[PDB]
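Structure at a glance
The lines below spell out each chain.
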Amino acid sequence: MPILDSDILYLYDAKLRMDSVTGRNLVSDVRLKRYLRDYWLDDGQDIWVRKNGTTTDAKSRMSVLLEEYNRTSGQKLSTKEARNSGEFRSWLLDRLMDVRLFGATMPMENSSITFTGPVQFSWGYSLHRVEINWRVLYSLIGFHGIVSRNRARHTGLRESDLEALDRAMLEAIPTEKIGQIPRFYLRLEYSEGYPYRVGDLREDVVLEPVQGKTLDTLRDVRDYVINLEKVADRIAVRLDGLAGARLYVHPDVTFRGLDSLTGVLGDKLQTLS
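Residues numbered from 1 in each chain as written, not as in the entry; some residues may be left out. Heavy atoms only, no water. Residues with missing side-chain atoms left out of burial classes, pairs and counts.

Per the PDB record, this model was obtained through X-ray crystallography at a reported resolution of 1.8890 Å.

Right under this line is the structure:
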């Protein structure tokens, strides 16, 4: 199966002179990808962006990889020749799944290889204002991600890599004082050649506090209902291009409009759990 363009909506929560401080919590895409990489590393996989918890010099790691490729392939590529070698580039990609997904900048002595990752994430932000008491009390974080069909052609992305990404979105964060729990994961795949996208759904999510709570005092997953009604509406408009969907929801979340979402997706929906 060819790689299709995708949109991702991902929610997870994190728990446990000025005072009375509040604001919008932010999580870099680099941090999210670090959770995913550490998870695959702990699964024994070969990963490019890895530590020893001391980081490794990238130029040294590339020199080792090039010398290994040269002695196995019977070549003597220089770093400049290695940069231009489609064979060495494909050999690196076959070996490092995180490069196939997220790309990499791989310096060498007086050269460098650059892979632009098909899978890209926004910065994550809290869908509500969080309280600071210097640590955040509670934060429901939302991420938008994409999978680029065109970029996947240049990194050798495999269909099995995307299934591994889906499973890591469920398992990596809990595996890697602050408890962090995935709560919602939706990946929408688009038909080949379809030009439009749902895009970023995070602003269409609506949090509805339970009685006694407000949007400024959310402290636990039980304090609010996640209303998906507008998310279902936004997806329905693009139904003419939707090829498939993957969806996971945590059992402790209370949803409104989850039935609307699954009904829109229909037979395109595959579940994850």
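The rest of the description comes next.
1. Thoughts on the domain arrangement of the protein chain
Operational definition: Where each domain begins and ends is defined by an automated method or by a domain database. Whether two residues are in contact is decided by their heavy atoms: any pair within 4.5 Å suffices. Two parts placed together each lose some accessible area under a 1.4 Å probe, and the buried area is that loss summed for both. Counted as salt bridges are all cases of a side-chain nitrogen of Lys or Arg within 4 Å of a carboxyl oxygen of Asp or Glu. In the analysis that follows, any N or O atom pair within 3.5 Å is treated as a polar contact, provided that within protein one partner can donate a hydrogen and the other can accept it, and provided that, for residues neighboring in sequence, both atoms belong to side chains. When residues are grouped by polarity, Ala, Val, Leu, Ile, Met, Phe, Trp, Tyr, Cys and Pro land in nonpolar, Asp, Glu, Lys and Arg in charged, and all others, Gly among them, in polar.
According to the domain assignment, the protein chain contains domain 1 (6–43 + 118–271) and domain 2 (58–115). If you average the C-alpha positions of domain 1 and of domain 2, the two centres end up 33 Å apart. Across the boundary between the two partners, domain 1 contributes 17 residues, which contact 10 residues of domain 2. Across the domain 1 to domain 2 interface the summed buried area is about 1,100 Å²; carbon plus sulfur atoms make up 62%. Between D161 and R100 there is a salt bridge, and its shortest N-O distance comes to 2.8 Å. Joining domain 1 to domain 2, the criterion identifies five residue pairs in polar contact. Broken down by class, the residue content of the side of domain 1 that touches domain 2 amounts to nine nonpolar, four polar and four charged.

2. Let's talk about the pattern of salt bridges
Counted by the stated rule, this structure contains 24 salt bridges. Sharing partners across several salt bridges, the network here consists of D46, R50, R61, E68 and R95.

3. Some thoughts on the sheet that holds strand 11 (residues 206–209)
Short version of the rule: Strands were regarded as paired on the criterion that DSSP finds at least two bridges between them. Secondary structure elements are defined from DSSP: runs of H or I of at least 4 residues count as helices, runs of E of at least 2 residues count as strands, and each element is numbered from the N terminus.
Taking strand neighbours across the sheet as the criterion, the three strands line up as 11-12-14 in an open arrangement whose pairing is mixed. The sheet is open, and its two edges are formed by strand 11 and strand 14 (255–256), each paired on a single side. Bridge analysis of strand 12 (residues 224–227) against strand 14 gives two bridges, and the strand direction is parallel. Residue pairing across strands places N227 opposite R256, the latter belonging to strand 14.

4. Notes on the environment of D204
Its place among the elements puts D204 in the loop between strand 10 (179–190) and strand 11. Measuring from C-alpha to C-alpha, the distance between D204 and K230 comes to 5.5 Å, with 26 residues separating the pair along the chain. Look past the residues within four positions of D204 in its chain and what remains in contact with it is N227, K230, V231 and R234. A polar atom in the side chain of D204 sits 2.5 Å from the side chain of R234.

5. Notes on the packing of aromatic side chains
For any pair of aromatic rings, geometry is given as the distance between the ring centres together with the angle between the planes. The cut-off we apply is this: Stacked, edge-to-face and tilted labels apply to pairs of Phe, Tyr and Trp rings (six-membered ring for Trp) whose centres lie within 6.5 Å, assigned for plane angles under 30 degrees, over 60, and everything in between, in that order. The buried label goes to any residue with under 20% of its type's maximum accessible area, the exposed label to any with over 50%, and the partly exposed label to all in between, with areas taken from a 1.4 Å probe on protein chains only. Comment: the charge-over-ring label is applied if NZ (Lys) or CZ (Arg) is within 6 Å of the ring centre and within 35 degrees of the ring normal.
This structure, assessed with the given rule, holds 12 aromatic pairs. When the ring of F88 is compared with that of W91, the centres are 6.0 Å apart and the planes differ by 20°; the resulting orientation is stacked. One end of the pair, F88, and the other, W91, are both in helix 4 (residues 86–95), three residues apart, so they sit about a helical turn from each other. The class for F88 is buried, based on a relative accessible area of 0%. Among the residues examined, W91 registers a relative accessible area of 21% and is labelled partly exposed. Ring geometry for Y138 versus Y224: centroids 6.3 Å apart, planes at 55°, classification tilted. Here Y138 matches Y224 in class, with each residue buried. Grouped by ring-pair contacts, the aromatic residues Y10, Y12, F121, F143 and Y185 constitute a single cluster. Lying across the ring of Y125, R24 places its NZ or CZ 5.0 Å from the centre. The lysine or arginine in question, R197, covers the ring of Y190, its NZ or CZ lying 5.1 Å from the ring centre.

6. Focus on the layout of surface pockets
Put simply, the test is: In this analysis, the protein atoms alone were mapped onto a 1 Å grid. Cavities are point sets where a 1.4 Å probe fits without being able to get out; pockets are open sets with protein on both sides within 12 Å along at least five of seven lines; lining residues have an atom within 4 Å of a point. Grid points are joined across faces, edges and corners, and a volume is the space filled by probe spheres set on the points.
Size it by volume and the largest pocket reaches roughly 310 Å³. Around the largest pocket, the lining is made up of 15 residues, and of these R34, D38, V49, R50 and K51 lie nearest the centre. Secondary structure elements with two or more residues in the lining of the largest pocket: helix 1 (29–42) and helix 2 (58–73). In terms of residue count, helix 1 provides more of the lining of the largest pocket than any other element does, seven residues in total.

7. With respect to the side chain of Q180
In this fold, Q180 is placed in strand 10. Classification of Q180 by relative accessible area gives buried; the value is 18%. At a separation of 3.4 Å, a polar atom in the side chain of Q180 contacts the side chain of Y35. When residues no more than four places from it in sequence are discounted, the contact partners of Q180 are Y12, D13, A14, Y35, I173 and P174.

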